[PDB]
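A.B. asks: My questions all concern the structure below.
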Amino acid sequence: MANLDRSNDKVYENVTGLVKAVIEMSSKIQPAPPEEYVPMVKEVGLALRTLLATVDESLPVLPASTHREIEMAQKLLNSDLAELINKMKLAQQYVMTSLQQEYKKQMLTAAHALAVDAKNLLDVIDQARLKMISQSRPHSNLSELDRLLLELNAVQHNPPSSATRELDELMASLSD
């Protein structure tokens with residue numbers, strides 16, 4: 001009963017890693033050059049696409065109770081991706097003109113709800129797994145993501161002074 005402990009931690013891990021980037025990029029988002037912007041979207045786009053896969057296998061990993069939310073979360077995630085890719089895609093072309101930092105601001109906002117969402121996903125279902133343990137038959141840290149998240153908020157405040165179909169289509173548009 002300890003062989004399927006690989007994917008269970010994977011989904012819970014990705015939900016954290018992606019968050020680390022969401023904040024990082026939000027830090028150097030302003031100075032974010034045109035050479036780092038191209039790939040920047042790649043990282044974010046990977047979190048969304050990966051989230052679907054990770055969570056997909058996370059369904060059974062968790063106790064049956066949050067299936068409804070998990071299901072709706074799948075489609076929801078997709079929408080978020082297109083939302084981020086689109087915004088970021090704008091600043092990518094609106095950088096050679098002058099409206100660079102402008103479009104960048106929006107990215108931070110959307111990206112903000114992204115990390116929170118990706119986290120809330122496992123955070124919510126977390127009450128299910130624990131609900132069983134803390135009752136009968138019991139048989140990278142949350143706090144870390146909390147503080148870090150808070151920073152992202154301040155960063156934006158001011159300077160330092162089908163589903164599968166869309167995913168595929170976006171890939172082509174992002175490639176060339």
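Letters A, B, ... mark the chains of the structure tokens in the order given; residue numbers begin at 1 per chain; ligand numbers begin at 1, in order shown.
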Env of residue 108 in chain A: 9 Å cut, atoms = only C-alpha atoms, seq-sep filter 5 positions within chain, self excluded. Answer as a PDB file with N, CA and C atoms, in the first residue's frame.

C.D. replies:
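Final output, saved to around.pdb:
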ATOM      1  N   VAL A  22       5.581  31.738 -10.787  1.00  0.00           N
ATOM      2  CA  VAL A  22       4.584  32.799 -10.875  1.00  0.00           C
ATOM      3  C   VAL A  22       5.052  34.055 -10.147  1.00  0.00           C
ATOM      4  N   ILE A  23       5.642  33.866  -8.972  1.00  0.00           N
ATOM      5  CA  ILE A  23       6.136  34.983  -8.177  1.00  0.00           C
ATOM      6  C   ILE A  23       7.463  35.501  -8.721  1.00  0.00           C
ATOM      7  N   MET A  25       8.826  35.421 -11.758  1.00  0.00           N
ATOM      8  CA  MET A  25       8.616  36.215 -12.963  1.00  0.00           C
ATOM      9  C   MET A  25       7.982  37.560 -12.624  1.00  0.00           C
ATOM     10  N   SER A  26       7.076  37.554 -11.653  1.00  0.00           N
ATOM     11  CA  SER A  26       6.393  38.773 -11.236  1.00  0.00           C
ATOM     12  C   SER A  26       7.377  39.767 -10.627  1.00  0.00           C
ATOM     13  N   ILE A  29       9.392  40.990 -13.771  1.00  0.00           N
ATOM     14  CA  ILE A  29       8.451  41.170 -14.869  1.00  0.00           C
ATOM     15  C   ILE A  29       8.695  42.490 -15.592  1.00  0.00           C
ATOM     16  N   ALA A 113      -3.977  35.333  -9.607  1.00  0.00           N
ATOM     17  CA  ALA A 113      -5.077  34.407  -9.369  1.00  0.00           C
ATOM     18  C   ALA A 113      -4.699  32.987  -9.777  1.00  0.00           C
ATOM     19  N   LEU A 152       4.350  38.564  -3.849  1.00  0.00           N
ATOM     20  CA  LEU A 152       3.862  38.782  -5.207  1.00  0.00           C
ATOM     21  C   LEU A 152       2.870  39.940  -5.249  1.00  0.00           C
ATOM     22  N   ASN A 153       1.982  39.989  -4.262  1.00  0.00           N
ATOM     23  CA  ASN A 153       0.981  41.046  -4.186  1.00  0.00           C
ATOM     24  C   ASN A 153       1.644  42.419  -4.107  1.00  0.00           C
ATOM     25  N   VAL A 155       4.695  43.181  -4.897  1.00  0.00           N
ATOM     26  CA  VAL A 155       5.476  43.400  -6.109  1.00  0.00           C
ATOM     27  C   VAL A 155       4.675  44.179  -7.146  1.00  0.00           C
ATOM     28  N   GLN A 156       3.427  43.771  -7.350  1.00  0.00           N
ATOM     29  CA  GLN A 156       2.557  44.432  -8.315  1.00  0.00           C
ATOM     30  C   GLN A 156       2.131  45.807  -7.813  1.00  0.00           C
TER      31      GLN A 156
END

A.B. asks: With DSSP run on the backbone, what are the alpha helix (DSSP H) residues within chain A? I'd like them as a PyMOL selection string.

C.D. replies: chain A and resi 7-27+34-61+67-93+100-133+142-157+163-175

A.B. asks: Please identify all polymer residues within 10 Å of range 39-50 of chain A, counting only C-alpha atoms, omitting same-chain residues fewer than 2 positions from it, and present them as a PyMOL selection string.

C.D. replies: chain A and resi 11+14-19+21-22+25+29+32-37+52-56+74+77-82+84-89+92+111+114-115+118+163-164+167-168+170-171+174-175

A.B. asks: Taking N, CA and C atoms for each residue, export the selection above as a short mmCIF file (atom, residue, chain, number, x, y, z; two decimals), in the first residue's frame.

C.D. replies:
data_model
loop_
_atom_site.label_atom_id
_atom_site.label_comp_id
_atom_site.auth_asym_id
_atom_site.auth_seq_id
_atom_site.Cartn_x
_atom_site.Cartn_y
_atom_site.Cartn_z
N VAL A 11 1.64 15.54 -8.17
CA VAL A 11 0.60 16.55 -8.31
C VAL A 11 0.72 17.62 -7.24
N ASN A 14 4.05 19.78 -8.20
CA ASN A 14 3.88 20.71 -9.31
C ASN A 14 3.09 21.95 -8.87
N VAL A 15 2.05 21.72 -8.08
CA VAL A 15 1.22 22.81 -7.58
C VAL A 15 2.05 23.85 -6.84
N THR A 16 3.22 23.42 -6.35
CA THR A 16 4.11 24.31 -5.62
C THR A 16 5.14 24.95 -6.55
N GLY A 17 5.79 24.12 -7.36
CA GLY A 17 6.79 24.62 -8.29
C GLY A 17 6.26 25.74 -9.16
N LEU A 18 5.15 25.49 -9.84
CA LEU A 18 4.54 26.49 -10.71
C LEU A 18 4.36 27.81 -9.98
N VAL A 19 4.02 27.73 -8.69
CA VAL A 19 3.82 28.92 -7.88
C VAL A 19 5.13 29.69 -7.69
N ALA A 21 7.51 30.01 -9.74
CA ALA A 21 7.79 30.76 -10.96
C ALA A 21 6.86 31.95 -11.10
N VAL A 22 5.58 31.74 -10.79
CA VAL A 22 4.58 32.80 -10.87
C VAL A 22 5.05 34.05 -10.15
N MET A 25 8.83 35.42 -11.76
CA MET A 25 8.62 36.22 -12.96
C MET A 25 7.98 37.56 -12.62
N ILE A 29 9.39 40.99 -13.77
CA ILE A 29 8.45 41.17 -14.87
C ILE A 29 8.69 42.49 -15.59
N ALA A 32 11.86 42.38 -17.40
CA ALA A 32 11.75 41.23 -18.27
C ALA A 32 11.98 41.62 -19.73
N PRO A 33 13.15 41.25 -20.27
CA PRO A 33 13.51 41.55 -21.66
C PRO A 33 12.69 40.75 -22.66
N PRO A 34 12.80 41.12 -23.95
CA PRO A 34 12.07 40.45 -25.03
C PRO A 34 12.58 39.04 -25.28
N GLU A 35 13.79 38.75 -24.80
CA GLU A 35 14.39 37.44 -24.98
C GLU A 35 13.95 36.48 -23.88
N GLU A 36 13.58 37.05 -22.73
CA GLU A 36 13.14 36.25 -21.59
C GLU A 36 11.62 36.13 -21.56
N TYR A 37 10.95 37.01 -22.31
CA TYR A 37 9.49 37.01 -22.36
C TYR A 37 8.98 35.83 -23.17
N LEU A 52 -3.44 19.92 -15.35
CA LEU A 52 -4.52 19.04 -15.81
C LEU A 52 -4.12 17.58 -15.67
N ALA A 53 -2.91 17.26 -16.10
CA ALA A 53 -2.40 15.89 -16.02
C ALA A 53 -2.21 15.46 -14.58
N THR A 54 -1.46 16.26 -13.82
CA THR A 54 -1.20 15.96 -12.42
C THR A 54 -2.50 15.70 -11.66
N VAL A 55 -3.41 16.66 -11.70
CA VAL A 55 -4.69 16.54 -11.02
C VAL A 55 -5.46 15.33 -11.52
N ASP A 56 -5.37 15.07 -12.82
CA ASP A 56 -6.06 13.93 -13.43
C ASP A 56 -5.77 12.65 -12.66
N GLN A 74 -10.85 21.27 -13.75
CA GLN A 74 -10.17 20.91 -14.99
C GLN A 74 -10.45 21.94 -16.08
N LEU A 77 -9.24 25.48 -15.30
CA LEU A 77 -7.80 25.65 -15.51
C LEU A 77 -7.50 26.05 -16.95
N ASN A 78 -8.11 25.34 -17.89
CA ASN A 78 -7.91 25.62 -19.31
C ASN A 78 -8.15 27.10 -19.61
N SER A 79 -9.30 27.60 -19.19
CA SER A 79 -9.65 29.00 -19.42
C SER A 79 -8.55 29.93 -18.91
N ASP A 80 -8.05 29.64 -17.72
CA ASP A 80 -6.99 30.44 -17.12
C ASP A 80 -5.78 30.51 -18.04
N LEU A 81 -5.37 29.36 -18.56
CA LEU A 81 -4.22 29.29 -19.45
C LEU A 81 -4.36 30.30 -20.60
N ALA A 82 -5.39 30.12 -21.41
CA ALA A 82 -5.64 31.01 -22.53
C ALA A 82 -5.63 32.47 -22.09
N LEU A 84 -3.91 33.80 -19.55
CA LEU A 84 -2.53 34.20 -19.29
C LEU A 84 -1.73 34.29 -20.58
N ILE A 85 -1.75 33.22 -21.36
CA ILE A 85 -1.03 33.18 -22.63
C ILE A 85 -1.38 34.38 -23.50
N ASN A 86 -2.66 34.73 -23.52
CA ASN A 86 -3.13 35.87 -24.32
C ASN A 86 -2.49 37.17 -23.83
N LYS A 87 -2.72 37.49 -22.56
CA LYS A 87 -2.17 38.70 -21.97
C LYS A 87 -0.67 38.80 -22.21
N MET A 88 0.06 37.77 -21.79
CA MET A 88 1.51 37.74 -21.96
C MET A 88 1.88 37.88 -23.43
N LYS A 89 1.08 37.27 -24.30
CA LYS A 89 1.33 37.33 -25.74
C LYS A 89 1.26 38.77 -26.25
N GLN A 92 4.33 40.82 -25.38
CA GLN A 92 5.42 40.30 -26.21
C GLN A 92 5.55 41.11 -27.50
N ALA A 111 -1.84 36.39 -13.45
CA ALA A 111 -0.91 35.41 -12.91
C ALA A 111 -1.12 35.23 -11.41
N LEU A 114 -3.72 32.88 -10.67
CA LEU A 114 -3.27 31.57 -11.15
C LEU A 114 -2.67 30.76 -10.01
N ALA A 115 -1.58 31.27 -9.43
CA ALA A 115 -0.91 30.59 -8.33
C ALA A 115 -1.90 30.23 -7.23
N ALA A 118 -4.21 27.33 -8.47
CA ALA A 118 -3.47 26.07 -8.50
C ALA A 118 -3.26 25.51 -7.10
N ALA A 163 -11.05 21.39 -24.34
CA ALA A 163 -9.94 21.72 -23.46
C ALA A 163 -8.61 21.29 -24.06
N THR A 164 -8.48 19.99 -24.34
CA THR A 164 -7.26 19.45 -24.92
C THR A 164 -6.96 20.10 -26.26
N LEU A 167 -5.32 23.60 -25.86
CA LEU A 167 -3.95 23.38 -25.40
C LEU A 167 -3.02 23.09 -26.58
N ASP A 168 -3.50 22.27 -27.52
CA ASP A 168 -2.72 21.92 -28.70
C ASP A 168 -2.58 23.11 -29.63
N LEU A 170 -2.83 26.31 -28.99
CA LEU A 170 -1.97 27.32 -28.38
C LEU A 170 -0.50 26.96 -28.56
N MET A 171 -0.19 25.67 -28.47
CA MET A 171 1.18 25.20 -28.62
C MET A 171 1.75 25.62 -29.97
N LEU A 174 2.26 29.33 -30.13
CA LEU A 174 3.38 29.71 -29.28
C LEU A 174 4.71 29.32 -29.92
N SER A 175 4.71 28.19 -30.62
CA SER A 175 5.92 27.70 -31.28
C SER A 175 6.42 28.70 -32.32
#

A.B. asks: Can you pull out every residue within 12 Å of residue 144 in chain A, counting only C-alpha atoms, but drop anything in the same chain fewer than 2 positions away, and send it as a VMD selection string?

C.D. replies: chain A and resid 16 to 17 19 to 20 119 140 to 142 146 to 151

A.B. asks: Between A:83, A:69, A:9, A:126, which has the minimum distance to residue 107 in chain A (counting only C-alpha atoms)?

C.D. replies: A:83

A.B. asks: Work out how far apart CA of residue 38 in chain A and CA of residue 105 in chain A are and give it in Å to one decimal.

C.D. replies: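 Going from CA of residue 38 in chain A over to CA of residue 105 in chain A covers 16.8 Å.
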
A.B. asks: Which one is closest to residue 99 in chain A: A:121, A:61, A:30, A:135? Count only C-alpha atoms.

C.D. replies: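 Result for the nearest residue to residue 99 in chain A: A:30.
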
A.B. asks: May I have the residues within 12 Å of residue 127 in chain A as a list in words, using only C-alpha atoms and disregarding those fewer than 5 positions away in the same chain?

C.D. replies: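 That gives residues 62, 63, 64, 65, 66, 120, 121, 122, 132, 133 and 134 of chain A.
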
A.B. asks: Could you write out that same residue set with N, CA and C atoms as a compact mmCIF listing (two decimals), in the first residue's frame?

C.D. replies:
# COMPACT_ATOMS: atom_id res chain seq x y z
N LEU A 62 -6.81 11.07 -3.92
CA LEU A 62 -7.58 11.65 -2.82
C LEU A 62 -8.90 10.91 -2.62
N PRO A 63 -9.48 11.04 -1.42
CA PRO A 63 -10.75 10.39 -1.08
C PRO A 63 -11.93 10.99 -1.83
N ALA A 64 -12.84 10.13 -2.29
CA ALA A 64 -14.01 10.58 -3.02
C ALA A 64 -14.86 11.53 -2.17
N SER A 65 -14.96 12.78 -2.61
CA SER A 65 -15.73 13.78 -1.89
C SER A 65 -15.64 15.14 -2.57
N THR A 66 -14.50 15.41 -3.19
CA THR A 66 -14.28 16.67 -3.89
C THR A 66 -14.19 16.46 -5.39
N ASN A 120 -5.12 26.48 -4.22
CA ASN A 120 -6.43 26.22 -3.63
C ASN A 120 -6.95 24.84 -4.04
N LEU A 121 -6.58 24.40 -5.23
CA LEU A 121 -7.00 23.10 -5.74
C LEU A 121 -6.70 22.00 -4.73
N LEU A 122 -5.41 21.80 -4.45
CA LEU A 122 -4.98 20.78 -3.50
C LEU A 122 -5.32 21.19 -2.07
N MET A 132 -10.57 12.03 6.73
CA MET A 132 -10.59 10.60 6.99
C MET A 132 -9.59 10.22 8.08
N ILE A 133 -8.35 10.67 7.91
CA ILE A 133 -7.30 10.38 8.87
C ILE A 133 -7.72 10.78 10.28
N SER A 134 -8.05 12.06 10.45
CA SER A 134 -8.47 12.57 11.75
C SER A 134 -9.90 12.16 12.06

A.B. asks: Enter the distance from CA of residue 123 in chain A to CA of residue 6 in chain A, in Å, rounded to one decimal.

C.D. replies: 18.8 Å

A.B. asks: Quick one: pull the distance between CA of residue 73 in chain A and CA of residue 130 in chain A, Å, one decimal.

C.D. replies: 20.4 Å
